[PDB]
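**Q**
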Amino acid sequence: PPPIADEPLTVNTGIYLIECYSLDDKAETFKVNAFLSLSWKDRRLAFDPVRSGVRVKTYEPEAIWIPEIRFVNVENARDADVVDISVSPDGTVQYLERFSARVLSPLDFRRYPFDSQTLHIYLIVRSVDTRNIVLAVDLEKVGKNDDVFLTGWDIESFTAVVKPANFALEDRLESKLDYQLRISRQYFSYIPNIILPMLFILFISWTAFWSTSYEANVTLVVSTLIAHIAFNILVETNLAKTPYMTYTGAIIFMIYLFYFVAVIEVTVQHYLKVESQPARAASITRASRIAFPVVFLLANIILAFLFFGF
Amino acid sequence: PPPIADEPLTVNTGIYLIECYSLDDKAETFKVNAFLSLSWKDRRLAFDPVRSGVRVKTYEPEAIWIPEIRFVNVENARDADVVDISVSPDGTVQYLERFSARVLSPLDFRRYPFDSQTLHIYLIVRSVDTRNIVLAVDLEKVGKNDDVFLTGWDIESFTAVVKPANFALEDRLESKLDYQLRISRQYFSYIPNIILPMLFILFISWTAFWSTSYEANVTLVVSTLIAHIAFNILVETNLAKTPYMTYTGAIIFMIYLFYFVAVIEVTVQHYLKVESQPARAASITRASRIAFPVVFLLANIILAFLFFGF
Amino acid sequence: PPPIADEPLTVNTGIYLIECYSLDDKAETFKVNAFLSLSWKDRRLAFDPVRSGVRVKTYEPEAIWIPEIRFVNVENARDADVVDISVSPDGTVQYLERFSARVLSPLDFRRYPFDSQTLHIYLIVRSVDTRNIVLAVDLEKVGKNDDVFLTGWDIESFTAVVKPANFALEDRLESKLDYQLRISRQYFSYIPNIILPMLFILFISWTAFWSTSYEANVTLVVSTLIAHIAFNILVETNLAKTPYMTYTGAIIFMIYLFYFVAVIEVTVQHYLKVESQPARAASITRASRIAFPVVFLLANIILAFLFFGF
Amino acid sequence: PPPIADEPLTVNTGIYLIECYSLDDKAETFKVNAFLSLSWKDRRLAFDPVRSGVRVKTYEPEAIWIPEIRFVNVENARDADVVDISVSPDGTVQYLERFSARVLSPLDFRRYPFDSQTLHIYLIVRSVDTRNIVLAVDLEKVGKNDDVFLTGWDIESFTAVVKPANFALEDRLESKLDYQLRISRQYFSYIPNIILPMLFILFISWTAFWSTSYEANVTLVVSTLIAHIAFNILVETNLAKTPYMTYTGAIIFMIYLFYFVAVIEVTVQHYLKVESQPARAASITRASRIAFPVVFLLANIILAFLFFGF
Amino acid sequence: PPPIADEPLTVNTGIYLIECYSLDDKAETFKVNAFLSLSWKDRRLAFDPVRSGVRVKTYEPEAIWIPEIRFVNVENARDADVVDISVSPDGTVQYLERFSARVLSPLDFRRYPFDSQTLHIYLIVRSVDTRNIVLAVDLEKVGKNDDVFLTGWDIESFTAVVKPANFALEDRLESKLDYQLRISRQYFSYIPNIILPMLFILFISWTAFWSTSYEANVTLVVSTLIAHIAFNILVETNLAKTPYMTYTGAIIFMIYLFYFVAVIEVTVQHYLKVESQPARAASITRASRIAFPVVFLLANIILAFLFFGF
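Protein chains in written order, with the entry's author numbering: chain B, 7 to 316; chain A, 7 to 316; chain E, 7 to 316; chain D, 7 to 316; chain C, 7 to 316.
Here's what the structure looks like:
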């Protein structure tokens, strides 16, 4: 029994985030526990203030006609509990539920260690014999609480795109809204556990540029290559199979080349010295001591600029 | 109370994919959130346009007789919410739910890094005292949305096999349809994380073909063999126990042989040189420098052609 | 309201497997999605063909008395949806649900890489004031579909033990049936990923029988021992803590001994040669080159026969 | 509507284990699927055999007043299905459900490889205006079935503490029972996968007591230390963070010391021999060959006795 | 139908913890199973002791008006079962449910191995046409049981902040309470499995300060660096991505520097000795034997004080 009306019915939405948690980088999903605030005019049950009852009349969801508001980018059916329905004397309904769903929003990993994200929450409503249009009442839109806790993320701002996008879908039009949660990753943990350890073993790796023993250099450069494969796997594990190149995935692949040409050096250093050309051997080795660090710091500047500076 | 009819009743199906996600390569399952569109003629409740009501009459699932449409290759009971039922004046019912199930479709891993898949969604319906036949209404079949996001996969096309397959099952006939989602894997992530790293350590592995120290060569060839076992496990983990040979599983097993005959070489190089036959030692070693790379690039051409080119 | 009868009521069961999946070797459980077919005579609602209605009368589960059929070796309550109830004119009820439960069937890992299993599905029914006995109707027992897909397993045959086992349990008798799914493991994946890699590193391990350098031999035999611990863990992970000895668990423990006596050799080879007895040193070492491979191939024949040939 | 009585009402409990599974050592929880048998006298509905009906009258849970029996040490709400309610003519009710919950019982890991456990199942009932007391009817208490399968555990005995413990809790008294499942761990799997492999690498570790090469000894003692860290982690993973010392955790920490003083030896052996005191070097080394094995076998006897023998 | 009142209604809360478990350090969540005790005066149903019935009248949740008490920092909807409702003659309602939810409370990992935590449980209630205020009845607040078992944690005290915090939220005021569970981590497990093993491999690492062989020192210092990366990962795994520095994360990063300057030493020791300056070589090496242990024990005192002593 939809409210008889002369033109499209406006449903007034508003989300109040109470809890955020479990941002799954692999799955590209997060979990929200918030308030949903719906309000529409249904003159069909305007009541008479003085003639009976009180200021506002409370109802159960069964009596009133309620607009079916579905979340779009959500895995299962939104898990909600009705908190209060309050009809105003003019026939204005005040709906308020508390829902908990896990939302499916894509993430951009192009700068995975240092990146910002804009999570999306989408609300749609379908029509029957009257048209429905959703819109945000900003006073119920202040989704954030001063206690929102998203582990490993900094919460910038929860806002809503005021203008809905109205599709036509299966000989009926629907109205979609875009609630946007903007977050930036807390990169600090990565430095003392990934970045700095990865560099250290790379620096050790070419300590063999001040050595002449092949056995001790192959032990050196190779054992550090193993340690880098460990970090490479440790990072590739908590990250989805992106079709592009991540920032750490670039530098982690760059490092792979510095272990190859280092292995190439100590090998070339060896055949050369064993072939009675040590004048060339100790000449190459000495250059490496400058070339490898410089090209590295150079390529990183090239790489870093190619991602962040552009 | 099934609709009394003169011949088999046609139910007109149509799926509209809203979300795709969680393609589990190990489990061989994906998760879909879509629209189901059913439509059948039930003249038993044709209504009179002018005489009463309006153009279209809305019902609750309890009143009308609804065809029981079950998904075949699905784990648990399909999780659906009814969106709208709309009976046309001639007695045509327009059913529309929004379901979310996880579907069980086999995958072909013969070319695991670079492969295409055709996922299946099957709909069946059973008969009672009249026969039922399903068929697709292509206007409700445009399953795709311009936002379908399947991580690590490119979505080619969602179509439906228009001709149903009608089995006889337990003294009653059923009608089955085949909705087909065609996808191709986003292989790019595999190159800088598996393929290229795997090759590098293999090339380093036979840098010992330019060396004479057994100790430094056994350190070399063996330490790289360990690193390959790591990658071998890393790949065997995100992949089911296929009864055939995967493409990477072939090349990853081929690599295992190149580490064996390399270990064989440095060993043969050593007994030989220690046995006062260095004329043969440095002769073998020099050939290896050409044989191993050539046979590898050859075997890969042989292997690659044996999988993709045929 | 159980059907008044003169003697024990026979309920006629029948399972039709639609999907099989998720055989958890660690948990010793699998997941089935099948049809349950129950049929019993309840003369208490025999209806009159000509006098009224039609050939067969359809009911809702609430009206009719339905026998409570419970699955025995199942974790939670079987998750079923009723498909159709059809009472025959003589008072014969045709019940048909579609259930999905995860079943708990023990597995025998004595030949873990190459083994066959017989999964069990048990149905019980309890009595009230009349006795109930279950029995299989073979035309509804053809559980298999030509699409049953059990990853990493070959499905041999789904049959049912026709004779029920009738216990007495808590001053009431119950009737139990045994549906049996016979499967054999798809061993092919194990060879290029476990068996063959494990052997290779073992053969490399005693390439040190053609060498005299202690440093290069301890690097050899020990580094391969590490790689074997990796495979040992990799296999012990996807396998339950059986109280017996598995086939691979035997050969994987046998391999552990060949790494010990090899380490013993190179060590004995060394003290000996360092003690100015190289006549004995190079004598032992040369025998190893034959003893180790022969004893291995011998012990495997002994072991293999002890498991499969007996 | 509780049964009006003159004194505390006795509810007669009884559990019949049908399935046991999923004993999580990390979580300290197991999962049970059993029968619950309740029986109490409610004279308020004692009925007339001859005057009407039959021997026993069957009811639905809604009609009768049922005692609210809650499980104590259980995570979520016990998941039960009612099997039969049968009121005896005197007003004696025979209740029988089939439940499936996961129970939270602490475990004692003091002898983790070889240990016995007593799992607990607790039933409580709260009072209203009459007092309730639970008690076991041993004829319904034979919880075990000849098919109970607890992977990696031997089931000794399922019994019940007949005398309930009656607390006062929030101005109302409750009655608690103690059902006890006694189990002993199947230790066999641990020997060929943890214990024996751990010892082997320790014995190899001090094969360097028959060697003079520092490079080959540091390769020896250290590479085996790495393998022990692997086993140390492999065991610490499937085990909770106990506040006491486990048996394997003791011997695994003892082994850590034997790798330290071994590294200390080869180091002391070296400075000494390099310092032109080989008379002392080869004297220490020779003693190690006896000291380390003896102290080990001694400390193990000391340790083993300190845990099991006391 | 809220109770008509002259001023804000006081609801009297009280939590009785029955089970605590599953404190997820990664997720920063724990799981509680407790009693909720609500009590408010609803004179609108005061009954007449003498005139009818008995001392206390028992109701079903449907009849009475019940205050909607929601948990704040909880993932999904609190899972509760009503135990008893008992209205007093003056119109005082005694509500008691048993709930089980998983709570989301932030943890402070600044001293991760040795740390104390204060878990939070928050209760809110919203107003309608009368105001509601929650407050604790300490006789129902004794949340603890003498059986509360939180694995790997010591439970200090469960208390409640008696003064509620009353926000205004969306043109309606809410009343929030703070129940506080104070716990301290059981650090003992960490010493024999992380701390002591980590130190041992570090001490072994600079046993190369009593050695002159580069090959044996690079084997030494590097192989132990690998073992430390293992522990570093083993610890970083069971710990969230904090934006600050943990205590073990500091010392584990400090250790990384001691492996770098040690690798720097043996390298400098080598170029020097190879450059015919052994007078400086054996001079540096001898100082290291004192510098490294002292600076370590010093830096730890500095670090430890910087975290705990301040």
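Quick reminder that beta carbons are idealized off the backbone N, C-alpha and C, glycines included.
Using a threshold of 8 Å, state whether the C-beta atoms of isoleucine 21 of chain B and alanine 33 of chain B are closer than that.
**A** Taking the first sequence and counting its residues from 1, one reaches residue 21 of chain B at position 15. Taking the first sequence and counting its residues from 1, one reaches residue 33 of chain B at position 27. Contact: no.
**Q** Could you give the first and the last residue of the continuous alpha helix (DSSP H) run that contains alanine 256 of chain E?
**A** Counting from 1 along the third sequence, the entry for residue 256 of chain E is found at position 250. That run of the alpha helix (DSSP H) goes 253-280.
**Q** Compare the C-alpha of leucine 156 of chain E against each of A/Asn79, A/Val88, A/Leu23 and name the closest.
**A** Here the question's residue 156 of chain E lines up with position 150 in the third sequence. Of A/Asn79, A/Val88, A/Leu23, the residue nearest in Cα terms is A/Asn79.
**Q** Do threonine 291 of chain D and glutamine 275 of chain D have their CB atoms nearer than 8 Å?
**A** Along the fourth sequence, one-based indexing puts residue 291 of chain D at 285. Along the fourth sequence, one-based indexing puts residue 275 of chain D at 269. Against a cut-off of 8 Å, the Cβ pair of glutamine 275 of chain D and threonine 291 of chain D comes out as a contact.
**Q** Check the Cβ of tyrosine 65 of chain B against every Cβ in chain A and list those closer than 8 Å, keeping chain order.
**A** Here residue 65 of chain B corresponds to residue number 59 of the first sequence, with the count starting at 1. Within 8 Å Cβ-Cβ: nothing; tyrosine 65 of chain B doesn't reach chain A, min ~19 Å.
**Q** Anything in chain D within Cβ reach of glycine 158 of chain C, meaning under 9 Å, just list it in chain order.
**A** To locate residue 158 of chain C, count along the fifth sequence from 1; it is residue 152. Those are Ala246, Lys247, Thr248, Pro249, listed as they occur along chain D.
**Q** Return the CA-CA distance between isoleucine 24 of chain A and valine 88 of chain E, expressed in angstroms with no decimal places.
**A** Along the second sequence, one-based indexing puts residue 24 of chain A at 18. Along the third sequence, one-based indexing puts residue 88 of chain E at 82. Looking at the two C-alpha atoms, the distance is approximately 28 Å.
**Q** Here's a check: name, in chain order, each residue in its chain whose Cβ is nearer than 6 Å to the Cβ of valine 269 of chain C, leaving out the five neighbours to either side.
**A** The residue given as residue 269 of chain C occupies position 263 in the fifth sequence. If we look at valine 269 of chain C and ignore the five residues flanking it on each side, its Cβ neighbours are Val227.
**Q** DSSP on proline 170 of chain D, reduced to helix/strand/coil?
**A** For the purposes of this step, residue 170 of chain D is taken as residue 164 along the fourth sequence, with counting starting at 1. Residue state, collapsed to three classes: strand.
**Q** Is there at least one Cβ from chain C nearer than 8 Å to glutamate 103 of chain B's Cβ?
**A** By one-based count along the first sequence, residue 103 of chain B stands at place 97. No, because no Cβ of chain C sits closer than 8 Å to the Cβ of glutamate 103 of chain B.
**Q** Could you check what DSSP says for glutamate 162 of chain D in three-state terms: helix, strand or coil?
**A** Within the fourth sequence, the letter at position 156 stands for residue 162 of chain D. Strand at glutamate 162 of chain D.
**Q** If we ignore side chains and look at the alpha-carbon of each, how far apart do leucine 125 of chain E and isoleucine 201 of chain A end up?
**A** Here residue 125 of chain E corresponds to residue number 119 of the third sequence, with the count starting at 1. Here residue 201 of chain A corresponds to residue number 195 of the second sequence, with the count starting at 1. If you take the alpha carbons of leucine 125 of chain E and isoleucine 201 of chain A, they lie about 40 Å apart.
**Q** Check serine 229 of chain D in the structure and name its three-state DSSP category.
**A** Position 223 of the fourth sequence, counted from the first residue, corresponds to residue 229 of chain D. Of the three classes helix, strand and coil, the one that applies to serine 229 of chain D here is helix, per DSSP.
**Q** Cutting at 6 Å between CB atoms, please list the residues of its own chain near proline 7 of chain A, excluding the five before and the five after it.
**A** Counting from 1 along the second sequence, the entry for residue 7 of chain A is found at position 1. Excluding residues within five positions, the ones whose Cβ falls inside 6 Å are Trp71.
**Q** Going by the CB atoms, is the gap between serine 133 of chain A and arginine 104 of chain A shorter than 8 Å?
**A** Position 98 of the second sequence, counted from the first residue, corresponds to residue 104 of chain A. Position 127 of the second sequence, counted from the first residue, corresponds to residue 133 of chain A. Their beta carbons are not under 8 Å apart, which means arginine 104 of chain A does not touch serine 133 of chain A by this criterion.
**Q** In this structure, what does DSSP give as the bridge partners for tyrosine 27 of chain E?
**A** Reading the third sequence from its first residue, position 21 is the one you call residue 27 of chain E. DSSP output for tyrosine 27 of chain E lists E/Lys37 as bridge partner(s).
**Q** According to the Cβ coordinates, are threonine 243 of chain A and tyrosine 118 of chain A closer than 8 Å?
**A** Translated into positions along the second sequence, residue 243 of chain A becomes position 237. Translated into positions along the second sequence, residue 118 of chain A becomes position 112. No, the Cβ-Cβ distance between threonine 243 of chain A and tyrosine 118 of chain A is not below 8 Å.
**Q** Just to confirm my understanding: we take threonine 230 of chain A, look at its own chain, exclude 5 residues before and 5 after, and list those with CB closer than 6 Å. What are they?
**A** Position 224 of the second sequence holds residue 230 of chain A. The residues are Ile207, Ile210, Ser211.
**Q** The beta strand (DSSP E) that contains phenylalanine 105 of chain C, what's its start and end?
**A** For the purposes of this step, residue 105 of chain C is taken as residue 99 along the fifth sequence, with counting starting at 1. From DSSP, the beta strand (DSSP E) with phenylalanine 105 of chain C extends over 98-110.
**Q** Given that a residue counts as buried once 16 or more other Cβ atoms are within 10 Å of its Cβ, and exposed if not, what is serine 163 of chain E?
**A** Position 157 of the third sequence, counting from 1, holds the residue named residue 163 of chain E. The residue is exposed, with fewer than 16 neighbouring Cβ atoms inside 10 Å.
**Q** Just the C-alpha distance for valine 272 of chain E and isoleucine 235 of chain B, rounded to the nearest angstrom, thanks.
**A** Taking the first residue of the third sequence as 1, we reach residue 272 of chain E at position 266. Taking the first residue of the first sequence as 1, we reach residue 235 of chain B at position 229. For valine 272 of chain E and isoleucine 235 of chain B, the distance between alpha carbons rounds to 31 Å.
**Q** Run down chain C in chain order and give the residues with a C-beta less than 8 Å from the C-beta of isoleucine 235 of chain B.
**A** Position 229 of the first sequence, counted from the first residue, corresponds to residue 235 of chain B. Chain C residues near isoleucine 235 of chain B: none, gap ~11 Å exceeds 8 Å.
**Q** DSSP three-state label for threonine 124 of chain D, please.
**A** Numbered from its first residue, the fourth sequence carries residue 124 of chain D at position 118. Strand, per DSSP.
**Q** Helix, strand or coil for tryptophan 46 of chain A? Go by DSSP, reduced to three states.
**A** By one-based count along the second sequence, residue 46 of chain A stands at place 40. DSSP places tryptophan 46 of chain A in strand when its eight states are reduced to three.
**Q** Distance cutoff 8 Å, beta carbons only. Does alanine 222 of chain D sit that close to anything in chain E?
**A** As a working note, residue 222 of chain D is residue 216 in the fourth sequence. Chain E, which has a Cβ nearer than 8 Å to the Cβ of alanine 222 of chain D, makes this yes.
**Q** Spatial neighbours of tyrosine 65 of chain C within its chain, please: C-beta separation below 7 Å, excluding the five flanking residues on both sides.
**A** Translated into positions along the fifth sequence, residue 65 of chain C becomes position 59. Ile91, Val93, listed in sequence order.
**Q** Cutting at 6 Å between CB atoms, please list the residues of its own chain near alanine 256 of chain E, excluding the five before and the five after it.
**A** Taking the third sequence and counting its residues from 1, the one referred to as residue 256 of chain E is at position 250. These residues qualify, in order along the chain: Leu309.
**Q** When DSSP builds the beta bridges, which residues end up paired with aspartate 90 of chain C?
**A** Within the fifth sequence, residue 90 of chain C is the residue found at index 84, counting from 1. Answer is C/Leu102, bridged to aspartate 90 of chain C.
**Q** According to the neighbour-count rule (16 or more other Cβ atoms, all chains shown, within 10 Å of its Cβ), is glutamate 81 of chain D buried or exposed?
**A** Here residue 81 of chain D corresponds to residue number 75 of the fourth sequence, with the count starting at 1. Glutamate 81 of chain D comes out buried.
**Q** Does any residue of chain C bring its CB to less than 8 Å from the CB of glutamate 271 of chain D?
**A** Along the fourth sequence, read from residue 1 onward, the residue named residue 271 of chain D stands at position 265. Chain C contact via Cβ: absent.
**Q** According to DSSP, simplified to helix, strand and coil, what is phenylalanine 77 of chain B?
**A** For the purposes of this step, residue 77 of chain B is taken as residue 71 along the first sequence, with counting starting at 1. Three-state result, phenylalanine 77 of chain B: strand.
**Q** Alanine 69 of chain E CB to nearest chain D CB: under 8 Å?
**A** As a working note, residue 69 of chain E is residue 63 in the third sequence. Closer than 8 Å: no.
**Q** At a CB-CB cut-off below 8 Å, which residues of chain C make contact with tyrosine 22 of chain B?
**A** Residue numbering aside, residue 22 of chain B sits at position 16 when the first sequence is read from its first letter. Those are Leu175, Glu176, listed as they occur along chain C.
**Q** For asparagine 138 of chain B and chain A, any beta-carbon pair shorter than 8 Å?
**A** If you number the first sequence from 1, residue 138 of chain B lands on position 132. No - not a single Cβ of chain A is within 8 Å of the one on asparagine 138 of chain B.
**Q** What residues are listed by DSSP as bridge partners for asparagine 238 of chain A?
**A** For the purposes of this step, residue 238 of chain A is taken as the residue at position 232 of the second sequence. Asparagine 238 of chain A pairs with nothing; no bridge assigned.
**Q** Name, in chain order, the residues that DSSP records as bridge partners for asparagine 138 of chain C.
**A** One-based indexing of the fifth sequence puts residue 138 of chain C at position 132. Beta-bridge pairing links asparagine 138 of chain C to C/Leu15.
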